[PDB]
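Comments concern the structure below.
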There are 2 protein chains.
Amino acid sequence: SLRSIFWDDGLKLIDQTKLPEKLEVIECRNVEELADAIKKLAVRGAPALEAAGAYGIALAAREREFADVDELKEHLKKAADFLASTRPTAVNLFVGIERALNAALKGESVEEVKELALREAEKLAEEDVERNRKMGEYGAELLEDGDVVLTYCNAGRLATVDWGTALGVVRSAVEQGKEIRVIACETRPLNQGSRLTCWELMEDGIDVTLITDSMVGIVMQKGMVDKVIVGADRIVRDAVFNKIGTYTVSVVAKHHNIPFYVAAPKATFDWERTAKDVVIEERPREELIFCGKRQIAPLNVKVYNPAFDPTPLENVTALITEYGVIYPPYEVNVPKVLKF
Amino acid sequence: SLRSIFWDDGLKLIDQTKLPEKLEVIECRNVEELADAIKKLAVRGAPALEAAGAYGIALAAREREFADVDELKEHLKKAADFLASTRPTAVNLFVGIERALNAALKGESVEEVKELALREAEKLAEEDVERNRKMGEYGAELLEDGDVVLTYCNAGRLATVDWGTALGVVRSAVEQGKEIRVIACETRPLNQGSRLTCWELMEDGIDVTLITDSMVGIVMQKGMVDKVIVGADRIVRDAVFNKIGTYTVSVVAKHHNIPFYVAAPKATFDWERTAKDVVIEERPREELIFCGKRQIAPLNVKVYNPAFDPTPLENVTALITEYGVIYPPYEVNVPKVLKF
């Protein structure tokens, strides 16, 4: 399969806005194109965005030819500024941008700056893949042959450079020859579960059954789920922030004594904070009013559309990271395992 | 506001297929037009279908002229058979048809048959409205000024002849002068929540905020909900069957100590059965694969689409009926309040 974003004679990305109907690889030949790809969510997922930020700098340095280095460098600082502005709050996009820029600026000739930019970006993408496979191997130990895994949103290979976090754990277990099947929640209101998760799993030959988010209750009630594995957008000392709905799934799983796992790398932890420090942004109200171009609600209806919810760590059986599986008490084990 | 189906110099019914974009009333001049309406789902809900079936017979009696009483009576039998066949599994439609036909057959002249047919249809329609007002009045006592009520699917005036069951309690409380606000779950995959519940509450001036089904968790986490009131499709000895997703709401509400009420008339109870006696039918897989005409899942994805789920009675704080509020233990109080 393809990595979600990579370099092959230029910046290439899987155009996720085209899924699930068509697999389309697009080419970003300039700063603006990548930026809009980022805006349209053609590229998404923290690692994917980090790699986008880094390849962005390699791209900006190759955009057009340069006779003088200092002019090249000046341009990179501008491009870095422009790309990060696509969303100032994207920590990963910021990390990718600054790491690639920092490295490229270390060059003393036009070629050096060009090669160093690309080399740092390729290294960062490679490290994300390695991190997910390592995390996957650790997580696979929590899966048994015949297990049915319920997941939420899309913490897979489209959201990372490759392999995935939560779905990376499923891929690692399948690789070990364990028969694993997945139940995926459609994940309203943007349907990342039906559009993306079902696509990447079917593409890779992993059994998947699609259900509405609200069906999480009946499937556990019927004993159709052995474990839940979700990803995370941010992990603070008392909670896991992930795509809205995750907390709901955690409540049903807890009541049914179903193991609930969160797969996320060390970089997703923000251990100096607690849930009270986090502000949850509201997403566009139209995501609940129209579906495709079909109006599904009165045009002027009031909408509450939070982007994420906090799942208390009390509802998390274990955290699966590239440093290993972490169990409660998290206050003790998170610092220990992540080597804070 | 308008009854969902009613008689005013001819049969008229709100075309639900047009909501929420627009309000359109269908006038049925003959039995075929009523059948078309029933078939396209312009008429919705057990009580509305029972009324549609009864009005169907009153309509068949007015459809063309009859010089002979026996010809009219035979005609009503043919019409009864045809109407029932539009939706052969619709038990309530069948019921309205049989009661209307039986009462009409008591007429001894063309004029009397026509008269008795409409009288019976009007009587059954009226009994539903009355049933819902009484239920609402008993239920309103459970609500207080400033309550925010979370609902699911659409148990309102659209799904009945008028007033509604769960939303009827909200209407009765508001008429009492209590400020009541509603939070409505969109109710996937057919979106009865956003298409119908939001429409009728907005039409009637009742505050309503729309959320996805998965947001029941955060909304309760943040204390935005004071009470939950849902309807029911069937209440057996150990469970309430209602639109899929209802059970999930009951799990979250229970964990958060939020009263969970089920409003339904006595006819919805099936006390000689238990959950294991009920088969939950699957709904068309396309409901999860497409939205409007936008593809949201891979065309060949495996889908699990149950129509309802069972909410254990242990998760229901009280049942609101036209005979009064009923509290646990239900094995004792249901037969006593419902006069079994």
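All values below were derived from every heavy atom in this structure, side-chain atoms included, with hydrogens, water molecules and symmetry-related copies excluded. First the proteins, then the strands, lettered A, B, ... as listed; each starts at 1.
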Please indicate whether [X] has more than 12 foreign heavy atoms, meaning atoms of other residues, nucleotides or ligands, lying under 6.0 Å from its [atom1].
| X | atom1 | result |
| --- | --- | --- |
| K178(B) | NZ | yes |
| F290(A) | CZ | yes |
| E331(A) | CD | yes |
| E282(A) | CD | yes |
| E126(A) | CD | yes |

To the closest 0.5 Å, what do you measure between [atom1] ([X]) and [atom2] ([Y])?
| X | Y | atom1 | atom2 | result |
| --- | --- | --- | --- | --- |
| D81(A) | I97(A) | CG | CD1 | 9.5 Å |
| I38(A) | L83(A) | CD1 | CG | 5.5 Å |
| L13(A) | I26(A) | CG | CD1 | 4.5 Å |
| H255(A) | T248(B) | NE2 | OG1 | 11.5 Å |
| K302(A) | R181(B) | NZ | CZ | 10.0 Å |
| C198(B) | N300(A) | SG | CG | 12.0 Å |

Full working for side chain to side chain donor-acceptor pair (under 3.5 Å) between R157(A) and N132(A) = CA-CA 9 Å; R157(A) 64 178 179 78; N132(A) 291 335; over 6 Å; no

Classify the ring geometry between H256(A) and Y247(B) as parallel (under 30°), tilted (30 to 60°) or perpendicular (over 60°).
-> perpendicular

Begin with the C-alpha distance, continue with both residues' side-chain angles, and end with the deciding distance and a verdict on side chain to side chain contact (heavy atoms under 4.5 Å, CB included) for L19(A) and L158(A).
-> CA-CA 11 Å; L19(A) 263 11; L158(A) 290 173; 3.7 Å; yes

Should [X] and [Y] count as side-chain neighbours, where that means a heavy-atom distance under 4.5 Å?
| X | Y | answer |
| --- | --- | --- |
| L150(A) | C185(A) | yes |
| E144(B) | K227(B) | yes |
| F241(A) | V236(A) | yes |
| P306(A) | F308(A) | no |
| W271(A) | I235(A) | yes |
| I180(B) | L143(B) | yes |
| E186(A) | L210(A) | yes |
| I244(B) | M215(A) | yes |

Of all heavy-atom pairs between [X] and [Y], which one has the smallest distance, and what is that distance?
| X | Y | result |
| --- | --- | --- |
| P310(A) | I280(A) | CD-CD1, 4.1 Å |
| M224(A) | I183(A) | O-CD1, 3.9 Å |
| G245(A) | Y152(A) | CA-OH, 3.5 Å |
| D213(A) | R188(A) | OD2-N, 2.8 Å |
| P298(B) | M202(A) | CB-SD, 3.8 Å |
| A275(A) | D238(A) | N-OD1, 2.7 Å |

Under the side chain to side chain contact (heavy atoms under 4.5 Å, CB included) rule, collect the residues that match up with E137(A), sequence neighbours excluded.
-> none

Look only at the side chain of [X] and the backbone of [Y], and say whether a donor-acceptor pair between them is shorter than 3.5 Å.
| X | Y | result |
| --- | --- | --- |
| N333(A) | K336(A) | no |
| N191(B) | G193(B) | no |
| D309(A) | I218(B) | no |
| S194(B) | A297(A) | no |
| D277(A) | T274(A) | yes |
| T197(A) | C153(A) | yes |

Test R131(A) against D128(A) for salt bridge (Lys or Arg N to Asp or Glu O under 4.0 Å), laying out the working first.
-> CA-CA 5 Å; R131(A) 264 189 282 100; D128(A) 178 54; 2.8 Å; yes

Show which side-chain atoms of residues 313-320 of chain A pair as donor or acceptor with protein atoms under 3.5 Å away, not counting sequence neighbours.
{"residue": "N315(A)", "atom": "ND2", "partner": "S250(A)", "partner atom": "OG", "Å": "3.1"}
{"residue": "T317(A)", "atom": "OG1", "partner": "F260(A)", "partner atom": "N", "Å": "2.9"}

Do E200(A) and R195(A) pass the salt bridge (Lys or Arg N to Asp or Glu O under 4.0 Å) test, and can you show the C-alpha distance, the side-chain angles, and the key distance before you say yes or no?
-> CA-CA 9 Å; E200(A) 67 171 276; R195(A) 293 210 315 121; over 6 Å; no

Give the intermediate values and the outcome of salt bridge (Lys or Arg N to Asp or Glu O under 4.0 Å) for residues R285(A) and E287(A).
-> CA-CA 5 Å; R285(A) 60 183 293 277; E287(A) 295 180 351; over 6 Å; no

Any chance you could lay out the side chain to side chain donor-acceptor pair (under 3.5 Å) test for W163(A) and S172(A), step after step, and finish with the verdict?
-> CA-CA 9 Å; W163(A) 206 252; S172(A) 295; 3.1 Å; yes

Side-chain donor-acceptor pair under 3.5 Å between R234(A) and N242(A), yes or no?
-> no

Stepwise side chain to side chain donor-acceptor pair (under 3.5 Å) check, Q192(B) with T187(B) | CA-CA 6 Å; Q192(B) 287 89 344; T187(B) 314; 5.3 Å; no

Given the rule in the side chain to side chain contact (heavy atoms under 4.5 Å, CB included) test, do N154(B) and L167(B) qualify, once you have shown the distances and angles that lead to the verdict?
-> CA-CA 8 Å; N154(B) 174 271; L167(B) 302 179; 4.2 Å; yes

Start with the C-alpha distance between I289(A) and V301(A), add both sets of side-chain angles, then the distance that settles side chain to side chain contact (heavy atoms under 4.5 Å, CB included), and finish with yes or no.
-> CA-CA 8 Å; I289(A) 294 174; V301(A) 71; 4.1 Å; yes

Take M220(A) and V228(A) through the test side chain to side chain contact (heavy atoms under 4.5 Å, CB included) and record every step on the way to the result.
-> CA-CA 10 Å; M220(A) 291 181 190; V228(A) 178; 3.7 Å; yes

Do the charged groups of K243(A) and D233(A) touch, with an N to O distance under 4.0 Å?
-> no

Residue that, paired with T165(A), satisfies side chain to side chain contact (heavy atoms under 4.5 Å, CB included) out of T160(A), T321(A), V262(A), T268(A) = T160(A)

